[PDB]
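J.: Here's a structure for you.
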2 protein chains.
Amino acid sequence: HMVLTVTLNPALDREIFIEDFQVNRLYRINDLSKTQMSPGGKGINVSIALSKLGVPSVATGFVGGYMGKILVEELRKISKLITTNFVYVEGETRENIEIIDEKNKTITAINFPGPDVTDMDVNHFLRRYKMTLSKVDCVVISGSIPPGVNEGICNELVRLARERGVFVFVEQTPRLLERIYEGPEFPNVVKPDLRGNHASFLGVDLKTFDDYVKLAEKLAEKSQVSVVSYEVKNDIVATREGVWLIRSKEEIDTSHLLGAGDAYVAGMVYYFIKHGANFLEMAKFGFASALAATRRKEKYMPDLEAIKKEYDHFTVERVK
Amino acid sequence: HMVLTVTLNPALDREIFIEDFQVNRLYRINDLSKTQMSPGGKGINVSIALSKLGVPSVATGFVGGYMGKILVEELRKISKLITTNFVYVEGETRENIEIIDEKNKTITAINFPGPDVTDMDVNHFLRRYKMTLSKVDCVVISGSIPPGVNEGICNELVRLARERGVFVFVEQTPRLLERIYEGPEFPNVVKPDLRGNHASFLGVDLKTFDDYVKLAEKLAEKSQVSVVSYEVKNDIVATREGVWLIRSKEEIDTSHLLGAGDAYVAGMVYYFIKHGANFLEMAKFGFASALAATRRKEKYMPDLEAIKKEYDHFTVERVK
Ligand SMILES: [Mg+2]
Ligand SMILES: [Mg+2]
């Protein structure tokens, strides 16, 4: 059983933990927190998450320069369950800085652009993407898209994947999803990234609960399952059969959220592989996994133990 | 003439320029000109500074890991005038982060501690330090110590230099300078780093102009010249002939301050090398460079043209 992840714009994450972080002060970090940098980007975090649950993946995307070397060398060190298969480009993989304040519950994030990618790079990627598709049972396409690349590319990735009988998971922003839902093929599972969204989506402006439901329903028309976030700690789940709402029983630590959403997707993938296409339970195991991730301030991908213990910390209501 | 700079705790400085920087928000730096990355650490910046003025130096200290490699290579690209002679350690050279908000005049700075250095590493360093001293006419020892290094090392470094008739400049925090002013030999030129200081220093609690003057005088008992900062944009210069006060004629931009103090020291080193040991004029030229360094938001080590331009913008008063 094998998974392919696509991370077209990966990052080296630099997580810095400062309580009571404020503008205009010098902070001396304590002698034991060393200058460190971890592999990141959504698909790559999904790979890490899957490796923690014992599930192998091929991780692909674009990587470049010296930062690139670091990402690749570090990613390989995490587990032999992850085989790296990136397309190498000129220019550096982006560093991203996340300043996490566990006392005041804030994340201050600074994101850098990513490399300028070209048509030959995208060509090579498409060749290799097609090769790997033959070896895998499902694909996770998620995250941002680097400068240079046509925004229609994920449509081609979804299209190639579905035409080949490969089950597709997609987590992207509305602007990018609008582009996937044009094309003739569609994700099996879609989880929109609504972080900091103020934009309309599929001709739905998202103010009331009925709007979010109606958005989940629109996606459930062409995809088999939509998981749509609502008031930070809840997810609306829509399939052909009906609509559910998964709710955390407690408030979540908003500063602990880095990569929780990627633990969500990894869970859904894990469930799919181990137990098949029972969509609601997939969504649930993903939610349990996202919650476990929020129990630590770091970008933390939970293990099976940690995920299972979250099963008593949420409820599921049937909406329709 | 040829200078040795010692930077036991080098850094890569990542400068990020964000107008209206506030906490708990995501920033996307699209413009590649709103970030800057460069070799840093006080002695390394002095080497860069001296290079702009045509004075060569050997730069020594500890470097390590991925960040270490970047530092050395970047440093070598800055000028043929800088020779590196660093002991390579296991562990990462620190990357510090400075966020500069030019609109609201703010620097939010995050300083990482640096790698653990072992006792074998420190010995290899001392052994190379001794060798370089016969090749040089003066030495600059500035900035912090990395973890695992005894705070007495700075005393040994001054002592070794001084026994061999090498002229010594030091810029370090009180705690480290206390350790230097123990030992049998003393710096020729001392410029204490008082940033963020709350402790008493040589028996003086720094709360009034007279305290800062008493401190300059105590240091001037054992060193030929002391340069002590007062209210951000002034410096008390004490020699055996008396005490002066150099003041900026105008308010400086406190957000443009990164690395200004190393420009100060570099100017003094240059003046010493070129026009001899006239101390007040050394401090004045140092002050000019410091001012020049502040004229840009980026870490900028000035050239001679930019330094001379500042002779207009400060006064000297005689205190005693
Ligand atoms: Mg977490
Ligand atoms: Mg500056």
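Ordering of the structure tokens sets the chain letters (A, B, ...); residue numbers start at 1 within each chain; ligands are numbered from 1 in the order shown.
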Write out as JSON, numbers by chain which residues come within 10 Å of residue A:267 when counting only C-alpha atoms, dropping same-chain ones fewer than 2 positions away.

T.: {"A": [46, 49, 50, 53, 261, 262, 263, 264, 265, 269, 270, 271, 272, 273, 282, 283, 284, 285, 286, 287, 288, 289, 290, 301, 302, 303, 304, 307]}

J.: Compute the set of protein, DNA and RNA residues whose minimum atom distance to ligand 2 is at most 7 Å, using only C-alpha atoms and all ligand atoms, and state it as number ranges by chain.

T.: B: 256-260, 293-300

J.: May I ask which of the residues B:62, B:86, B:311, B:27 is the closest one to chain A, counting only C-alpha atoms?

T.: B:27

J.: Skip residue B:233 itself and residues of its chain fewer than 2 positions away, then list as a VMD selection string all residues within 8 Å of it, counting only C-alpha atoms.

T.: chain B and resid 229 to 231 235 247 to 248 251 to 252

J.: Determine, using only C-alpha atoms, which residues of chain A have any atom at most 7 Å from an atom of chain B, and tabulate each with its shortest atom pair and distance in Å to one decimal place, rows ordered by chain and then rising number, as a tab-separated table.

T.:
residue	atom	partner	partner_atom	distance
A:22	CA	B:23	CA	6.5
A:23	CA	B:108	CA	5.4
A:24	CA	B:108	CA	4.3
A:25	CA	B:108	CA	5.0
A:26	CA	B:109	CA	4.6
A:27	CA	B:110	CA	4.8
A:28	CA	B:111	CA	4.9
A:29	CA	B:112	CA	5.2
A:30	CA	B:113	CA	6.6
A:31	CA	B:113	CA	5.2
A:34	CA	B:114	CA	6.7
A:35	CA	B:94	CA	5.4
A:106	CA	B:24	CA	4.9
A:107	CA	B:24	CA	5.0
A:108	CA	B:24	CA	4.5
A:109	CA	B:26	CA	4.5
A:110	CA	B:27	CA	4.7
A:111	CA	B:28	CA	4.8
A:112	CA	B:29	CA	5.4
A:113	CA	B:30	CA	5.8

J.: Atoms to include: N, CA and C atoms. Write the selected residues as a CSV table (one decimal), in the first residue's frame.

T.:
chain,number,residue,atom,x,y,z
A,22,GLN,N,6.3,40.5,21.7
A,22,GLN,CA,5.9,41.8,21.3
A,22,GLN,C,6.9,42.5,20.4
A,23,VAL,N,6.3,43.4,19.6
A,23,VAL,CA,7.0,44.2,18.7
A,23,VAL,C,8.0,45.0,19.5
A,24,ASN,N,9.2,45.3,18.9
A,24,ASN,CA,10.2,46.3,19.4
A,24,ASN,C,11.0,45.9,20.6
A,25,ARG,N,11.2,44.6,20.8
A,25,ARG,CA,12.1,44.1,21.8
A,25,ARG,C,13.1,43.1,21.3
A,26,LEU,N,14.2,43.0,22.0
A,26,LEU,CA,15.3,41.9,21.7
A,26,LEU,C,14.9,40.7,22.6
A,27,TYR,N,15.0,39.5,22.0
A,27,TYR,CA,14.7,38.3,22.7
A,27,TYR,C,15.9,37.4,22.6
A,28,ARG,N,16.6,37.1,23.7
A,28,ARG,CA,17.6,36.1,23.7
A,28,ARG,C,17.0,34.7,24.0
A,29,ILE,N,17.0,33.8,23.0
A,29,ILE,CA,16.5,32.5,23.2
A,29,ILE,C,17.5,31.7,24.1
A,30,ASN,N,16.9,30.8,24.9
A,30,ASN,CA,17.7,30.0,25.9
A,30,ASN,C,18.7,29.1,25.2
A,31,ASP,N,19.8,28.9,25.9
A,31,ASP,CA,20.9,28.2,25.4
A,31,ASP,C,20.7,26.8,24.8
A,34,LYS,N,18.4,25.4,19.9
A,34,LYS,CA,19.4,25.6,18.9
A,34,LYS,C,18.7,26.0,17.5
A,35,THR,N,19.5,26.8,16.7
A,35,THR,CA,19.0,27.1,15.4
A,35,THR,C,18.8,25.8,14.6
A,106,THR,N,-0.7,33.4,20.2
A,106,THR,CA,-0.5,34.0,19.0
A,106,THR,C,0.5,33.2,18.1
A,107,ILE,N,0.3,33.3,16.8
A,107,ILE,CA,1.3,32.8,15.9
A,107,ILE,C,1.6,34.0,15.0
A,108,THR,N,2.9,34.4,14.9
A,108,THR,CA,3.3,35.5,14.0
A,108,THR,C,4.1,34.8,12.9
A,109,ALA,N,3.7,34.9,11.6
A,109,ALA,CA,4.2,34.1,10.6
A,109,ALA,C,4.7,35.0,9.5
A,110,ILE,N,5.9,34.6,9.0
A,110,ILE,CA,6.5,35.4,7.9
A,110,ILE,C,6.9,34.4,6.8
A,111,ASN,N,6.2,34.5,5.6
A,111,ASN,CA,6.4,33.5,4.5
A,111,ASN,C,7.1,34.1,3.4
A,112,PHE,N,8.1,33.4,2.8
A,112,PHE,CA,8.9,33.9,1.7
A,112,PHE,C,8.4,33.2,0.5
A,113,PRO,N,8.7,33.7,-0.7
A,113,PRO,CA,7.9,33.4,-1.9
A,113,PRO,C,8.1,32.0,-2.5

J.: What do you get for the Cα RMSD if chain A is superposed onto chain B using all Cα atoms in their order?

T.: 0.8 Å

J.: With only C-alpha atoms and all ligand atoms as the basis for distance, which of A:309, A:176, A:213, A:17 is at the shortest distance from ligand 1?

T.: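 Distance minimum relative to ligand 1 lands on A:17.
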
J.: What lies within 8 Å of stretch 152-166 of chain B using only C-alpha atoms, ignoring chain neighbours under 2 positions off, as number ranges by chain?

T.: B: 126, 130, 133-134, 136-139, 141, 149-150, 168, 176, 179-187

J.: Those selected residues, please, written with N, CA and C atoms and delivered as an mmCIF file, in the first residue's frame.

T.:
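So the final result, stored in out03.cif, reads:
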data_model
loop_
_atom_site.group_PDB
_atom_site.id
_atom_site.type_symbol
_atom_site.label_atom_id
_atom_site.label_comp_id
_atom_site.auth_asym_id
_atom_site.auth_seq_id
_atom_site.Cartn_x
_atom_site.Cartn_y
_atom_site.Cartn_z
ATOM 1 N N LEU B 126 42.433 28.137 20.772
ATOM 2 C CA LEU B 126 43.479 28.916 21.470
ATOM 3 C C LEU B 126 44.817 28.746 20.776
ATOM 4 N N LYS B 130 46.960 31.870 19.113
ATOM 5 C CA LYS B 130 48.374 32.167 19.406
ATOM 6 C C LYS B 130 49.173 32.320 18.129
ATOM 7 N N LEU B 133 48.634 35.656 16.194
ATOM 8 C CA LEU B 133 49.040 36.895 16.882
ATOM 9 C C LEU B 133 50.387 37.471 16.390
ATOM 10 N N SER B 134 51.333 36.606 16.051
ATOM 11 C CA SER B 134 52.601 37.083 15.521
ATOM 12 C C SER B 134 52.459 37.651 14.097
ATOM 13 N N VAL B 136 49.941 39.599 13.173
ATOM 14 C CA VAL B 136 49.075 40.799 13.224
ATOM 15 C C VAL B 136 49.558 41.880 14.190
ATOM 16 N N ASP B 137 49.147 43.120 13.908
ATOM 17 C CA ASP B 137 49.545 44.301 14.687
ATOM 18 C C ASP B 137 48.507 44.674 15.754
ATOM 19 N N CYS B 138 47.241 44.315 15.539
ATOM 20 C CA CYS B 138 46.213 44.512 16.556
ATOM 21 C C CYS B 138 45.038 43.549 16.433
ATOM 22 N N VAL B 139 44.322 43.357 17.535
ATOM 23 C CA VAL B 139 43.253 42.363 17.624
ATOM 24 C C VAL B 139 41.954 42.981 18.148
ATOM 25 N N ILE B 141 38.357 41.750 19.848
ATOM 26 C CA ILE B 141 37.617 40.670 20.480
ATOM 27 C C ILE B 141 36.266 41.227 20.877
ATOM 28 N N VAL B 149 31.541 27.393 26.622
ATOM 29 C CA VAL B 149 32.834 28.033 26.669
ATOM 30 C C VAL B 149 32.943 28.767 27.983
ATOM 31 N N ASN B 150 34.073 28.614 28.663
ATOM 32 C CA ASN B 150 34.272 29.314 29.916
ATOM 33 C C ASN B 150 34.388 30.820 29.687
ATOM 34 N N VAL B 168 45.004 45.836 21.619
ATOM 35 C CA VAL B 168 43.734 45.126 21.802
ATOM 36 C C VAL B 168 42.540 46.059 21.910
ATOM 37 N N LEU B 176 31.043 39.624 30.795
ATOM 38 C CA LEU B 176 32.293 39.196 30.191
ATOM 39 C C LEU B 176 33.451 40.179 30.478
ATOM 40 N N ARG B 179 35.209 39.795 33.736
ATOM 41 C CA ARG B 179 36.081 38.636 33.712
ATOM 42 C C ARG B 179 37.449 39.023 33.129
ATOM 43 N N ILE B 180 37.430 39.913 32.133
ATOM 44 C CA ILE B 180 38.649 40.497 31.554
ATOM 45 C C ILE B 180 39.383 41.418 32.536
ATOM 46 N N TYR B 181 38.650 42.293 33.205
ATOM 47 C CA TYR B 181 39.285 43.250 34.133
ATOM 48 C C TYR B 181 39.745 42.614 35.451
ATOM 49 N N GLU B 182 39.429 41.333 35.661
ATOM 50 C CA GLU B 182 40.137 40.512 36.644
ATOM 51 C C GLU B 182 41.610 40.451 36.247
ATOM 52 N N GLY B 183 41.867 39.894 35.073
ATOM 53 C CA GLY B 183 43.168 39.262 34.770
ATOM 54 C C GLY B 183 44.252 40.284 34.590
ATOM 55 N N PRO B 184 45.506 39.830 34.644
ATOM 56 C CA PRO B 184 46.710 40.662 34.688
ATOM 57 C C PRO B 184 46.883 41.644 33.541
ATOM 58 N N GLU B 185 46.347 41.321 32.371
ATOM 59 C CA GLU B 185 46.440 42.220 31.229
ATOM 60 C C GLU B 185 45.086 42.812 30.903
ATOM 61 N N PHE B 186 45.117 43.931 30.195
ATOM 62 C CA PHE B 186 43.927 44.719 29.955
ATOM 63 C C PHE B 186 43.836 45.191 28.499
ATOM 64 N N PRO B 187 42.605 45.389 27.995
ATOM 65 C CA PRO B 187 42.428 45.951 26.666
ATOM 66 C C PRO B 187 42.981 47.362 26.545
#

J.: Using DSSP on the backbone coordinates, identify the residues of stretch 79-142 of chain A assigned to helix (DSSP H, G or I); present them as a list in words.

T.: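 Answer for stretch 79-142 of chain A restricted to helix (DSSP H, G or I) is residues 119, 120, 121, 122, 123, 124, 125, 126, 127, 128, 129, 130, 131, 132 and 133 of chain A.
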
J.: From a backbone DSSP assignment, name each residue in stretch 125-256 of chain B labelled strand (DSSP E or B), as an MDAnalysis selection string.

T.: chainID B and resid 138:142 167:171 189:190 201 204 225:230 234:238 243:248

J.: Mind giving me the straight-line distance from atom CA of residue B:177 to atom CA of residue B:220 in Å, one decimal?

T.: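 According to the coordinates, atom CA of residue B:177 and atom CA of residue B:220 are separated by 13.3 Å.
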
J.: Atom CA of residue B:206 and atom CA of residue B:190 are how many Å apart?

T.: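 Separation between atom CA of residue B:206 and atom CA of residue B:190: 17.0 Å.
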
J.: Which residues, written as a count of residues only, have at least one atom at most 8 Å from stretch 77-83 of chain B, with only C-alpha atoms counted and residues fewer than 5 positions away on the same chain left out?

T.: 9

J.: Between A:37, A:306, A:219, A:291, single out the one closest to ligand 1, counting only C-alpha atoms and all ligand atoms.

T.: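 So, comparing all the options, the nearest one is A:291.
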
J.: Rounded to one decimal in Å, what is the spacing between atom CA of residue A:237 and atom CA of residue A:194?

T.: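 So the two atoms, atom CA of residue A:237 and atom CA of residue A:194, lie 14.8 Å apart.
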
J.: Choose the residue, out of B:72, B:266, B:189, B:199, that has the smallest atom-to-atom separation from residue B:228; count only C-alpha atoms.

T.: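 Distance minimum relative to residue B:228 lands on B:189.
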
J.: Could you check which of A:253, A:317, A:241, A:19 is closest to ligand 1, using only C-alpha atoms and all ligand atoms?

T.: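 Selected residue with least distance to ligand 1: A:253.
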
J.: Just checking: using only C-alpha atoms and all ligand atoms, which residue out of A:192, A:102, A:276, A:14 ends up closest to ligand 1?

T.: A:102

J.: Find the residues near residue B:12: any atom within 6 Å, counting only C-alpha atoms, skip ones fewer than 4 places away on the same chain, and give them as a PyMOL selection string.

T.: chain B and resi 38-40+95
